[PDB]
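Asks: One file: target.txt (compact mmCIF, C-alpha atoms and all ligand atoms).
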```
# COMPACT_ATOMS: atom_id res chain seq x y z
CA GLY A 1 -157.80 25.67 137.95
CA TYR A 2 -160.54 27.84 139.51
CA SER A 3 -161.34 29.33 142.94
CA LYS A 4 -163.82 28.24 145.63
CA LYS A 5 -165.62 31.56 145.41
CA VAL A 6 -165.90 31.36 141.60
CA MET A 7 -167.21 27.80 141.91
CA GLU A 8 -169.88 28.99 144.36
CA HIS A 9 -171.09 31.86 142.13
CA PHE A 10 -171.07 29.65 139.00
CA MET A 11 -173.11 26.90 140.72
CA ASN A 12 -175.53 29.27 142.49
CA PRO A 13 -175.44 32.57 140.52
CA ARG A 14 -177.33 35.44 142.11
CA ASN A 15 -179.61 37.86 140.23
CA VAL A 16 -180.16 35.76 137.13
CA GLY A 17 -183.18 36.88 135.10
CA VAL A 18 -184.68 39.85 133.27
CA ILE A 19 -186.45 43.02 134.24
CA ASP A 20 -189.35 43.91 131.93
CA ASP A 21 -189.29 47.60 131.07
CA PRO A 22 -185.98 48.29 132.94
CA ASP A 23 -184.72 51.75 133.86
CA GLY A 24 -181.30 50.90 132.40
CA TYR A 25 -180.28 48.18 129.97
CA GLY A 26 -176.67 47.33 129.01
CA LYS A 27 -175.51 44.59 126.60
CA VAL A 28 -171.95 43.63 125.67
CA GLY A 29 -170.80 40.70 123.49
CA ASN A 30 -167.56 38.69 123.78
CA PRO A 31 -166.74 38.22 120.07
CA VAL A 32 -164.46 35.20 120.60
CA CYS A 33 -167.24 32.91 121.83
CA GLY A 34 -170.14 35.10 120.61
CA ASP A 35 -171.66 35.07 124.10
CA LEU A 36 -173.69 38.16 125.10
CA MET A 37 -174.05 39.62 128.60
CA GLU A 38 -177.13 41.69 129.41
CA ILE A 39 -177.65 43.69 132.60
CA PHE A 40 -181.03 45.17 133.59
CA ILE A 41 -181.40 47.75 136.39
CA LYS A 42 -184.36 49.34 138.18
CA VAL A 43 -183.50 52.68 139.83
CA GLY A 44 -185.30 54.17 142.80
CA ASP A 45 -184.02 57.05 144.98
CA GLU A 46 -180.90 57.07 142.78
CA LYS A 47 -180.10 53.56 144.03
CA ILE A 48 -180.10 50.12 142.36
CA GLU A 49 -183.51 48.89 143.48
CA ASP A 50 -183.29 45.76 141.30
CA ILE A 51 -180.67 44.15 139.09
CA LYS A 52 -180.70 41.07 136.83
CA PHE A 53 -178.33 39.58 134.32
CA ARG A 54 -178.89 37.24 131.39
CA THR A 55 -176.19 35.43 129.44
CA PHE A 56 -175.51 32.09 127.78
CA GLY A 57 -171.75 32.56 128.37
CA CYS A 58 -169.12 30.57 130.26
CA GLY A 59 -168.62 29.75 133.93
CA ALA A 60 -166.19 32.63 134.42
CA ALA A 61 -168.56 35.18 132.88
CA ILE A 62 -171.56 33.90 134.85
CA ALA A 63 -169.71 33.79 138.21
CA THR A 64 -168.30 37.31 137.66
CA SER A 65 -171.73 38.68 136.83
CA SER A 66 -173.23 37.02 139.92
CA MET A 67 -170.54 38.71 142.10
CA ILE A 68 -170.79 42.11 140.37
CA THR A 69 -174.59 42.31 140.49
CA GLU A 70 -174.54 41.28 144.16
CA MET A 71 -172.10 44.10 144.93
CA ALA A 72 -174.23 46.62 143.04
CA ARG A 73 -177.62 45.79 144.65
CA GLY A 74 -178.95 48.71 146.69
CA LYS A 75 -175.92 50.98 146.09
CA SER A 76 -176.12 54.50 144.72
CA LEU A 77 -175.63 54.86 140.95
CA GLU A 78 -172.33 56.60 141.57
CA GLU A 79 -170.99 53.84 143.85
CA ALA A 80 -172.13 51.18 141.36
CA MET A 81 -170.26 52.97 138.57
CA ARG A 82 -167.01 52.68 140.51
CA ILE A 83 -167.26 48.85 140.63
CA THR A 84 -164.81 47.11 138.20
CA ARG A 85 -163.52 43.49 137.88
CA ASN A 86 -160.70 44.76 140.02
CA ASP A 87 -163.07 44.73 142.98
CA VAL A 88 -163.25 40.94 142.76
CA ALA A 89 -159.66 40.34 141.55
CA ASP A 90 -158.90 38.18 144.57
CA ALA A 91 -161.69 35.70 143.79
CA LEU A 92 -160.54 35.58 140.14
CA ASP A 93 -156.79 35.03 140.89
CA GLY A 94 -155.20 32.27 138.81
CA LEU A 95 -158.02 32.01 136.25
CA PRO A 96 -156.80 31.12 132.73
CA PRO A 97 -155.73 34.47 131.21
CA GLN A 98 -158.31 34.20 128.42
CA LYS A 99 -161.02 34.34 131.11
CA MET A 100 -159.94 37.96 131.72
CA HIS A 101 -162.12 38.87 128.73
CA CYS A 102 -165.04 36.86 130.07
CA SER A 103 -164.68 38.51 133.48
CA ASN A 104 -164.85 42.02 131.99
CA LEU A 105 -168.32 41.49 130.49
CA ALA A 106 -170.14 41.92 133.79
CA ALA A 107 -168.76 45.31 134.82
CA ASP A 108 -168.88 46.61 131.24
CA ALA A 109 -172.58 45.68 130.89
CA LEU A 110 -173.37 47.18 134.27
CA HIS A 111 -171.66 50.44 133.25
CA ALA A 112 -173.60 50.39 129.98
CA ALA A 113 -176.92 49.93 131.81
CA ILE A 114 -176.16 52.87 134.13
CA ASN A 115 -175.19 55.10 131.17
CA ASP A 116 -178.41 54.04 129.45
CA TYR A 117 -180.45 55.16 132.46
CA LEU A 118 -178.52 58.41 132.88
CA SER A 119 -178.84 59.42 129.24
CA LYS A 120 -182.60 58.88 129.40
CA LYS A 121 -182.64 61.21 132.40
CA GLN A 122 -180.59 63.78 130.51
CA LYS A 123 -182.98 63.67 127.53
CA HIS A 124 -185.98 64.17 129.83
CA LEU A 125 -184.36 67.36 131.14
CA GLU A 126 -183.66 68.69 127.63
CA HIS A 127 -185.66 71.93 128.15
CA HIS A 128 -187.32 71.24 131.54
CA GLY B 1 -148.18 61.90 138.74
CA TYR B 2 -148.38 60.13 135.35
CA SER B 3 -146.05 57.87 133.34
CA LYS B 4 -143.69 59.12 130.62
CA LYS B 5 -145.26 56.75 128.12
CA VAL B 6 -148.74 58.02 129.09
CA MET B 7 -147.54 61.58 128.69
CA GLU B 8 -146.23 60.78 125.19
CA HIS B 9 -149.51 59.18 124.02
CA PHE B 10 -151.62 61.98 125.54
CA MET B 11 -149.52 64.72 123.87
CA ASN B 12 -149.19 62.95 120.51
CA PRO B 13 -152.12 60.45 120.33
CA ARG B 14 -152.04 58.10 117.37
CA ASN B 15 -155.06 57.18 115.23
CA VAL B 16 -157.29 60.07 116.21
CA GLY B 17 -160.15 60.63 113.77
CA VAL B 18 -163.16 58.93 112.17
CA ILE B 19 -163.72 56.43 109.43
CA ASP B 20 -166.74 57.24 107.24
CA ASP B 21 -168.81 54.13 106.63
CA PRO B 22 -166.63 51.87 108.88
CA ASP B 23 -166.72 48.08 108.86
CA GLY B 24 -167.06 48.06 112.65
CA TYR B 25 -168.15 50.79 115.04
CA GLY B 26 -168.00 50.55 118.85
CA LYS B 27 -169.02 53.25 121.38
CA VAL B 28 -168.80 53.13 125.17
CA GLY B 29 -169.59 55.95 127.64
CA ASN B 30 -167.98 56.55 131.06
CA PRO B 31 -171.06 57.68 133.01
CA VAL B 32 -169.09 59.44 135.77
CA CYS B 33 -167.68 62.14 133.48
CA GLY B 34 -170.14 61.51 130.60
CA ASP B 35 -167.23 61.15 128.18
CA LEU B 36 -167.79 58.81 125.19
CA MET B 37 -165.18 56.71 123.40
CA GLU B 38 -165.79 55.71 119.79
CA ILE B 39 -163.66 53.24 117.83
CA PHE B 40 -163.95 52.81 114.04
CA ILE B 41 -162.34 49.88 112.18
CA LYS B 42 -161.85 48.99 108.50
CA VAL B 43 -161.30 45.25 107.94
CA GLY B 44 -159.43 43.78 105.00
CA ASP B 45 -158.14 40.18 104.74
CA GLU B 46 -159.56 39.65 108.24
CA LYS B 47 -157.05 42.20 109.55
CA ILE B 48 -157.42 45.73 110.97
CA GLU B 49 -156.66 47.71 107.83
CA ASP B 50 -157.55 51.03 109.48
CA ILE B 51 -158.49 52.17 112.96
CA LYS B 52 -159.50 55.55 114.43
CA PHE B 53 -160.81 56.73 117.75
CA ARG B 54 -162.81 59.80 118.74
CA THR B 55 -163.40 61.01 122.29
CA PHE B 56 -163.62 64.22 124.29
CA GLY B 57 -162.51 62.34 127.44
CA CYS B 58 -159.55 62.75 129.79
CA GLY B 59 -155.81 62.38 129.33
CA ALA B 60 -155.83 58.81 130.65
CA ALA B 61 -158.61 57.71 128.29
CA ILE B 62 -156.98 59.41 125.28
CA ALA B 63 -153.48 58.01 125.97
CA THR B 64 -154.89 54.48 126.52
CA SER B 65 -156.84 54.62 123.27
CA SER B 66 -153.75 55.84 121.38
CA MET B 67 -151.78 52.82 122.76
CA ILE B 68 -154.58 50.29 122.17
CA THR B 69 -155.31 51.38 118.60
CA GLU B 70 -151.59 51.34 117.80
CA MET B 71 -151.35 47.75 119.07
CA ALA B 72 -154.39 46.70 117.04
CA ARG B 73 -153.31 48.18 113.66
CA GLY B 74 -152.74 45.46 111.07
CA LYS B 75 -153.43 42.54 113.45
CA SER B 76 -155.93 39.78 112.73
CA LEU B 77 -159.42 40.27 114.22
CA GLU B 78 -158.76 37.40 116.61
CA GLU B 79 -155.46 38.84 117.87
CA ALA B 80 -157.07 42.30 118.26
CA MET B 81 -159.85 40.77 120.35
CA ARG B 82 -157.31 39.42 122.83
CA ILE B 83 -155.94 42.93 123.55
CA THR B 84 -157.04 44.31 126.98
CA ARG B 85 -155.80 47.21 129.20
CA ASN B 86 -153.71 44.52 130.81
CA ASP B 87 -151.47 44.59 127.75
CA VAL B 88 -150.39 48.12 128.64
CA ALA B 89 -150.58 47.77 132.46
CA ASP B 90 -146.92 48.68 132.80
CA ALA B 91 -147.36 52.07 131.11
CA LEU B 92 -150.44 52.74 133.28
CA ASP B 93 -148.77 51.81 136.63
CA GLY B 94 -149.40 54.37 139.39
CA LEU B 95 -152.27 56.17 137.66
CA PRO B 96 -154.93 57.48 140.10
CA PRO B 97 -157.22 54.47 140.72
CA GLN B 98 -160.25 56.27 139.27
CA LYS B 99 -158.42 56.37 135.92
CA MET B 100 -158.83 52.57 135.79
CA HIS B 101 -162.35 53.23 134.49
CA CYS B 102 -161.08 55.71 131.91
CA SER B 103 -158.41 53.24 130.76
CA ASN B 104 -161.00 50.50 130.16
CA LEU B 105 -162.93 52.54 127.58
CA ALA B 106 -160.42 51.93 124.80
CA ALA B 107 -160.37 48.13 124.86
CA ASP B 108 -164.12 47.93 125.50
CA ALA B 109 -164.88 50.13 122.46
CA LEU B 110 -162.46 48.17 120.31
CA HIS B 111 -164.16 44.91 121.34
CA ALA B 112 -167.54 46.48 120.57
CA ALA B 113 -166.38 47.56 117.09
CA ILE B 114 -165.13 44.04 116.32
CA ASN B 115 -168.42 42.48 117.52
CA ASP B 116 -170.27 45.01 115.36
CA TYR B 117 -168.31 43.93 112.29
CA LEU B 118 -168.68 40.22 113.05
CA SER B 119 -172.44 40.41 113.57
CA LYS B 120 -172.85 42.22 110.25
CA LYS B 121 -170.95 39.35 108.66
CA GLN B 122 -173.28 36.92 110.46
CA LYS B 123 -176.17 38.36 108.35
CA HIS B 124 -174.95 36.33 105.34
CA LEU B 125 -175.74 33.06 107.15
CA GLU B 126 -179.44 34.02 107.18
CA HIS B 127 -179.20 33.51 103.38
CA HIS B 128 -180.82 30.10 102.69
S1 LIG C 1 -166.55 32.01 126.17
FE1 LIG C 1 -168.51 33.08 126.13
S2 LIG C 1 -168.02 34.07 128.03
FE2 LIG C 1 -166.21 32.78 128.22
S1 LIG C 2 -162.81 62.07 132.61
FE1 LIG C 2 -164.17 61.37 130.99
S2 LIG C 2 -162.67 59.87 130.41
FE2 LIG C 2 -161.63 60.21 132.38
```
Turn this file's structure into structure tokens for me.
Replies:
Amino acid sequence: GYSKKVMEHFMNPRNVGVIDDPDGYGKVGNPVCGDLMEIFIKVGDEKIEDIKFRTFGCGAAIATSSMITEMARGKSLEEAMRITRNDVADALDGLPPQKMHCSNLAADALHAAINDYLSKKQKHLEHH
Amino acid sequence: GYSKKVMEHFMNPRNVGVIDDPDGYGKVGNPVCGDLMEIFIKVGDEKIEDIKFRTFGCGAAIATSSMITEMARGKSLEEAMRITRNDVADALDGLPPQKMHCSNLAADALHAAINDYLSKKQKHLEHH
């Protein structure tokens, strides 16, 4: 019992892949299934200049990540940080409640990748 | 304007502290404020035998972590994994919408600590 939008993003996920040498990297595992979600970001002019995700997880996780990465592309870091699964709640309505977990991977990995980038920036400016 | 339950868990948070040499460790940062949530778990008989959190974050993050860790204490790993912020949505009703992010740290760190423990266990399988 899924949604048309989820079906579209599972069948034709956007932004699948890897970035070599990314500016930010975030990885989160779902321990139930043991699936791992990785987000890679490139940052230019404090905007998401490129984003990719890689997972072997389930339909729900893949479709959520496709929607989240699409939303994030070309936004400022601060805007991207404010994205949560809540921003695509309507597309996810009526999913089995155990797919809640799967749907949280995307946003949590994105937030991790952004924090990764930001902490690198902080370290660079240790003494300045 | 906050909830009475949130006020109680912010003023008297349960399970604050650290576990030295924990069975599972999970850390997640909120990049907006730069606050970091750490969860420590001890695992005995595939149950949460001890849990502690450590953060310097905001009231919302602290109260959520107090509620989440209290829910997790003494549950099986599998039950604990199924906990999300959704399980305390009622207590969190009407929080400023930016505290959604803060409220997700707790569950995400707990899930990270459980994955940490499980992957350590996975090491044994390499034995052949
Ligand atoms: S089971 Fe691996 S993501 Fe749904
Ligand atoms: S301000 Fe850092 S946790 Fe909400």
Asks: Taking all atoms listed in the file into account, which residues are within 12 Å of ligand LIG 1 (chain C), as an NGL selection string?
Replies: :A and (28-38 or 54-65 or 95-106)
Asks: Over all C-alpha pairs taken in sequence order, what does chain B look like after a least-squares fit onto chain A? Please give it as a CSV table (one decimal) with C-alpha atoms, keeping the file's coordinate frame.
Replies:
```
chain,number,residue,atom,x,y,z
B,1,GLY,CA,-158.2,25.1,138.1
B,2,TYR,CA,-160.7,27.6,139.4
B,3,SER,CA,-161.3,29.4,142.8
B,4,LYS,CA,-163.7,28.1,145.4
B,5,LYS,CA,-165.6,31.4,145.4
B,6,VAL,CA,-165.8,31.3,141.6
B,7,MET,CA,-167.2,27.7,141.8
B,8,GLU,CA,-169.8,28.9,144.3
B,9,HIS,CA,-171.0,31.8,142.1
B,10,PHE,CA,-171.0,29.6,139.0
B,11,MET,CA,-173.1,26.8,140.7
B,12,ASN,CA,-175.5,29.2,142.5
B,13,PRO,CA,-175.4,32.5,140.5
B,14,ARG,CA,-177.3,35.3,142.1
B,15,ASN,CA,-179.6,37.8,140.3
B,16,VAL,CA,-180.1,35.7,137.1
B,17,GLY,CA,-183.1,36.8,135.1
B,18,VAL,CA,-184.6,39.8,133.3
B,19,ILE,CA,-186.4,43.0,134.3
B,20,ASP,CA,-189.3,43.8,132.0
B,21,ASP,CA,-189.3,47.5,131.1
B,22,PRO,CA,-186.0,48.2,133.0
B,23,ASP,CA,-184.7,51.7,134.0
B,24,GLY,CA,-181.3,50.8,132.5
B,25,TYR,CA,-180.3,48.1,130.1
B,26,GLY,CA,-176.7,47.3,129.1
B,27,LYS,CA,-175.5,44.6,126.7
B,28,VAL,CA,-171.9,43.7,125.7
B,29,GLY,CA,-170.8,40.8,123.5
B,30,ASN,CA,-167.5,38.8,123.8
B,31,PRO,CA,-166.8,38.4,120.0
B,32,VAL,CA,-164.4,35.4,120.5
B,33,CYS,CA,-167.1,33.0,121.8
B,34,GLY,CA,-170.1,35.2,120.6
B,35,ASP,CA,-171.6,35.1,124.1
B,36,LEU,CA,-173.6,38.2,125.1
B,37,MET,CA,-174.0,39.6,128.6
B,38,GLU,CA,-177.1,41.7,129.4
B,39,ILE,CA,-177.6,43.7,132.6
B,40,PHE,CA,-181.0,45.1,133.7
B,41,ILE,CA,-181.4,47.7,136.5
B,42,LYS,CA,-184.4,49.2,138.3
B,43,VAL,CA,-183.5,52.6,140.0
B,44,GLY,CA,-185.3,54.0,143.0
B,45,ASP,CA,-184.0,56.9,145.2
B,46,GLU,CA,-180.9,56.9,143.0
B,47,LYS,CA,-180.1,53.4,144.2
B,48,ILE,CA,-180.1,50.0,142.5
B,49,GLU,CA,-183.5,48.8,143.6
B,50,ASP,CA,-183.3,45.7,141.4
B,51,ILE,CA,-180.6,44.1,139.2
B,52,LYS,CA,-180.7,41.0,136.9
B,53,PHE,CA,-178.3,39.5,134.3
B,54,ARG,CA,-178.8,37.2,131.4
B,55,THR,CA,-176.1,35.4,129.4
B,56,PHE,CA,-175.4,32.1,127.8
B,57,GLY,CA,-171.7,32.6,128.3
B,58,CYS,CA,-169.0,30.6,130.2
B,59,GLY,CA,-168.6,29.7,133.9
B,60,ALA,CA,-166.1,32.6,134.4
B,61,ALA,CA,-168.5,35.2,132.9
B,62,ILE,CA,-171.5,33.9,134.8
B,63,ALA,CA,-169.7,33.7,138.2
B,64,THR,CA,-168.3,37.3,137.7
B,65,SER,CA,-171.7,38.6,136.8
B,66,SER,CA,-173.2,36.9,139.9
B,67,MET,CA,-170.5,38.6,142.1
B,68,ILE,CA,-170.8,42.0,140.4
B,69,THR,CA,-174.5,42.2,140.5
B,70,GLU,CA,-174.5,41.2,144.2
B,71,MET,CA,-172.1,44.0,145.0
B,72,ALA,CA,-174.2,46.5,143.1
B,73,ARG,CA,-177.6,45.7,144.7
B,74,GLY,CA,-178.9,48.6,146.8
B,75,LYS,CA,-175.9,50.9,146.2
B,76,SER,CA,-176.1,54.4,144.9
B,77,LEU,CA,-175.6,54.8,141.1
B,78,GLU,CA,-172.3,56.5,141.7
B,79,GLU,CA,-171.0,53.8,144.0
B,80,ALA,CA,-172.1,51.1,141.5
B,81,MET,CA,-170.3,52.9,138.7
B,82,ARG,CA,-167.0,52.6,140.6
B,83,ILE,CA,-167.3,48.8,140.7
B,84,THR,CA,-164.8,47.1,138.3
B,85,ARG,CA,-163.5,43.4,138.0
B,86,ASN,CA,-160.7,44.7,140.1
B,87,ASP,CA,-163.0,44.7,143.1
B,88,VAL,CA,-163.2,40.9,142.8
B,89,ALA,CA,-159.6,40.3,141.6
B,90,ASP,CA,-158.9,38.1,144.6
B,91,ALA,CA,-161.7,35.6,143.8
B,92,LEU,CA,-160.5,35.5,140.1
B,93,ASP,CA,-156.8,34.9,140.9
B,94,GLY,CA,-155.3,32.2,138.8
B,95,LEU,CA,-158.1,32.0,136.2
B,96,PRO,CA,-156.8,31.1,132.7
B,97,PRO,CA,-155.7,34.4,131.2
B,98,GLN,CA,-158.3,34.3,128.4
B,99,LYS,CA,-161.0,34.4,131.1
B,100,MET,CA,-159.9,38.0,131.7
B,101,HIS,CA,-162.1,38.9,128.7
B,102,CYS,CA,-165.0,36.9,130.0
B,103,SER,CA,-164.7,38.5,133.5
B,104,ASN,CA,-164.8,42.0,132.0
B,105,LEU,CA,-168.3,41.5,130.5
B,106,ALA,CA,-170.1,41.9,133.8
B,107,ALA,CA,-168.8,45.3,134.9
B,108,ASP,CA,-168.9,46.6,131.3
B,109,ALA,CA,-172.6,45.7,130.9
B,110,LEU,CA,-173.4,47.2,134.3
B,111,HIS,CA,-171.7,50.4,133.3
B,112,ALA,CA,-173.6,50.4,130.1
B,113,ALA,CA,-176.9,49.9,131.9
B,114,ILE,CA,-176.2,52.9,134.2
B,115,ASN,CA,-175.2,55.1,131.3
B,116,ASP,CA,-178.5,54.0,129.6
B,117,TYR,CA,-180.5,55.1,132.6
B,118,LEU,CA,-178.6,58.4,133.0
B,119,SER,CA,-179.0,59.4,129.3
B,120,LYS,CA,-182.7,58.7,129.5
B,121,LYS,CA,-182.8,61.1,132.5
B,122,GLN,CA,-180.8,63.6,130.5
B,123,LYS,CA,-183.9,63.9,128.1
B,124,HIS,CA,-185.7,66.0,130.7
B,125,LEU,CA,-183.1,68.8,130.3
B,126,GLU,CA,-184.1,69.2,126.6
B,127,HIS,CA,-187.4,70.6,128.1
B,128,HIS,CA,-187.2,74.4,127.8
```
Asks: In Å, how far is it from CA of residue 113 in chain A to CA of residue 19 in chain B?
Replies: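 If I compute the distance from CA of residue 113 in chain A to CA of residue 19 in chain B, I get 26.8 Å.
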Asks: If you measure from CA of residue 115 in chain B to CA of residue 24 in chain B, what distance in Å do you get, rounded to one decimal?
Replies: 7.5 Å
Asks: What is the distance between CA of residue 74 in chain B and CA of residue 47 in chain B, in Å to one decimal?
Replies: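 These two atoms are separated by 5.6 Å.
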Asks: So, counting all atoms listed in the file, which residue among B:91, B:112, B:67, B:39 is closest to chain A?
Replies: B:112
Asks: Using all atoms listed in the file, which of B:5, B:128, B:123, B:111 sits nearest chain A?
Replies: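 Closest to chain A of all the choices is B:111.
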Asks: Need the shell around residue 77 in chain B: protein/DNA/RNA residues with any atom at most 9 Å away, counting all atoms listed in the file. Skip same-chain ones fewer than 4 positions apart. Format as number ranges by chain?
Replies: B: 43, 46-48, 72, 81-82, 114
Asks: Put a box with edges along x, y and z around all the listed atoms of ligand LIG 2 (chain C), pad it by 6 Å on each side, then give me its centre and sizes in Å, one decimal, as JSON.
Replies:
```
{"center_x": -162.9, "center_y": 61.0, "center_z": 131.5, "size_x": 14.5, "size_y": 14.2, "size_z": 14.2}
```
Asks: Using all atoms listed in the file, can you tell me which of B:41, B:83, B:125, B:88 comes closest to chain A?
Replies: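 Nearest to chain A: B:83.
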Asks: Smallest atom-to-atom distance to chain A: which of B:70, B:116, B:20, B:45, using all atoms listed in the file?
Replies: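 Between B:70, B:116, B:20, B:45, the residue approaching chain A most closely is B:116.
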Asks: For each of B:124, B:13, B:90, B:84, take the minimum atom-to-atom distance to chain A, counting all atoms listed in the file, then give the residue where this is smallest.
Replies: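 Of B:124, B:13, B:90, B:84, the one nearest chain A, counting all atoms listed in the file, is B:84.
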Asks: Near residue 53 in chain B, within 7 Å and counting all atoms listed in the file, which residues show up once chain neighbours fewer than 4 positions away are dropped, as a ChimeraX atom specification?
Replies: /B:15-18,38-40
Asks: Using only C-alpha atoms, please write the residues we just selected to a file, as a PDB file, in the coordinates of the input.
Replies:
```pdb
ATOM      1  CA  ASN B  15    -155.060  57.180 115.230  1.00  0.00           C
ATOM      2  CA  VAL B  16    -157.290  60.070 116.210  1.00  0.00           C
ATOM      3  CA  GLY B  17    -160.150  60.630 113.770  1.00  0.00           C
ATOM      4  CA  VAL B  18    -163.160  58.930 112.170  1.00  0.00           C
ATOM      5  CA  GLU B  38    -165.790  55.710 119.790  1.00  0.00           C
ATOM      6  CA  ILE B  39    -163.660  53.240 117.830  1.00  0.00           C
ATOM      7  CA  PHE B  40    -163.950  52.810 114.040  1.00  0.00           C
TER       8      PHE B  40
END
```
Asks: For residue 12 in chain B, find every residue with an atom within 9 Å (counting all atoms listed in the file), except residues of its own chain fewer than 3 positions away, and show them as a list in words.
Replies: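 That gives residues 7, 8, 9, 63 and 66 of chain B.
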Asks: Please write a file for range 108-121 of chain B, taken from the block I just shared, that holds N, CA, C and O atoms and is laid out as a PDB file, in the first residue's frame.
Replies:
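Now in decode21.pdb:
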```
ATOM      1  N   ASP B 108      18.051   9.152  16.717  1.00  0.00           N
ATOM      2  CA  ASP B 108      19.092   8.865  15.723  1.00  0.00           C
ATOM      3  C   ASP B 108      20.380   8.417  16.413  1.00  0.00           C
ATOM      4  O   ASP B 108      21.035   7.504  15.888  1.00  0.00           O
ATOM      5  N   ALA B 109      20.732   8.986  17.565  1.00  0.00           N
ATOM      6  CA  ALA B 109      21.926   8.560  18.280  1.00  0.00           C
ATOM      7  C   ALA B 109      21.727   7.174  18.877  1.00  0.00           C
ATOM      8  O   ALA B 109      22.723   6.430  18.897  1.00  0.00           O
ATOM      9  N   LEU B 110      20.509   6.926  19.396  1.00  0.00           N
ATOM     10  CA  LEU B 110      20.252   5.591  19.937  1.00  0.00           C
ATOM     11  C   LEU B 110      20.417   4.564  18.820  1.00  0.00           C
ATOM     12  O   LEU B 110      21.058   3.521  19.063  1.00  0.00           O
ATOM     13  N   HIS B 111      19.825   4.829  17.635  1.00  0.00           N
ATOM     14  CA  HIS B 111      19.937   3.858  16.545  1.00  0.00           C
ATOM     15  C   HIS B 111      21.398   3.649  16.148  1.00  0.00           C
ATOM     16  O   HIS B 111      21.812   2.543  15.834  1.00  0.00           O
ATOM     17  N   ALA B 112      22.182   4.724  16.150  1.00  0.00           N
ATOM     18  CA  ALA B 112      23.598   4.641  15.859  1.00  0.00           C
ATOM     19  C   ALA B 112      24.316   3.785  16.894  1.00  0.00           C
ATOM     20  O   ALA B 112      25.214   3.035  16.489  1.00  0.00           O
ATOM     21  N   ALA B 113      23.959   3.901  18.177  1.00  0.00           N
ATOM     22  CA  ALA B 113      24.680   3.147  19.203  1.00  0.00           C
ATOM     23  C   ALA B 113      24.384   1.648  19.020  1.00  0.00           C
ATOM     24  O   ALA B 113      25.272   0.817  19.216  1.00  0.00           O
ATOM     25  N   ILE B 114      23.122   1.339  18.670  1.00  0.00           N
ATOM     26  CA  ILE B 114      22.726  -0.058  18.501  1.00  0.00           C
ATOM     27  C   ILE B 114      23.456  -0.655  17.296  1.00  0.00           C
ATOM     28  O   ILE B 114      24.063  -1.729  17.413  1.00  0.00           O
ATOM     29  N   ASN B 115      23.494   0.078  16.167  1.00  0.00           N
ATOM     30  CA  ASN B 115      24.245  -0.352  14.993  1.00  0.00           C
ATOM     31  C   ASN B 115      25.717  -0.552  15.326  1.00  0.00           C
ATOM     32  O   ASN B 115      26.364  -1.464  14.769  1.00  0.00           O
ATOM     33  N   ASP B 116      26.267   0.335  16.156  1.00  0.00           N
ATOM     34  CA  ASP B 116      27.669   0.205  16.549  1.00  0.00           C
ATOM     35  C   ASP B 116      27.843  -1.153  17.235  1.00  0.00           C
ATOM     36  O   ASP B 116      28.732  -1.935  16.829  1.00  0.00           O
ATOM     37  N   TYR B 117      26.976  -1.420  18.246  1.00  0.00           N
ATOM     38  CA  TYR B 117      27.113  -2.675  18.967  1.00  0.00           C
ATOM     39  C   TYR B 117      26.988  -3.864  18.020  1.00  0.00           C
ATOM     40  O   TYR B 117      27.840  -4.774  18.056  1.00  0.00           O
ATOM     41  N   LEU B 118      25.957  -3.828  17.158  1.00  0.00           N
ATOM     42  CA  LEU B 118      25.688  -4.971  16.284  1.00  0.00           C
ATOM     43  C   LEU B 118      26.840  -5.236  15.321  1.00  0.00           C
ATOM     44  O   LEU B 118      27.103  -6.403  15.002  1.00  0.00           O
ATOM     45  N   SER B 119      27.498  -4.171  14.845  1.00  0.00           N
ATOM     46  CA  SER B 119      28.542  -4.382  13.856  1.00  0.00           C
ATOM     47  C   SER B 119      29.792  -4.955  14.525  1.00  0.00           C
ATOM     48  O   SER B 119      30.556  -5.691  13.898  1.00  0.00           O
ATOM     49  N   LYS B 120      29.984  -4.616  15.806  1.00  0.00           N
ATOM     50  CA  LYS B 120      31.088  -5.169  16.572  1.00  0.00           C
ATOM     51  C   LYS B 120      30.867  -6.671  16.713  1.00  0.00           C
ATOM     52  O   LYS B 120      31.805  -7.461  16.610  1.00  0.00           O
ATOM     53  N   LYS B 121      29.603  -7.041  16.937  1.00  0.00           N
ATOM     54  CA  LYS B 121      29.235  -8.438  17.091  1.00  0.00           C
ATOM     55  C   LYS B 121      29.489  -9.173  15.782  1.00  0.00           C
ATOM     56  O   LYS B 121      29.964 -10.301  15.795  1.00  0.00           O
TER      57      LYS B 121
END
```
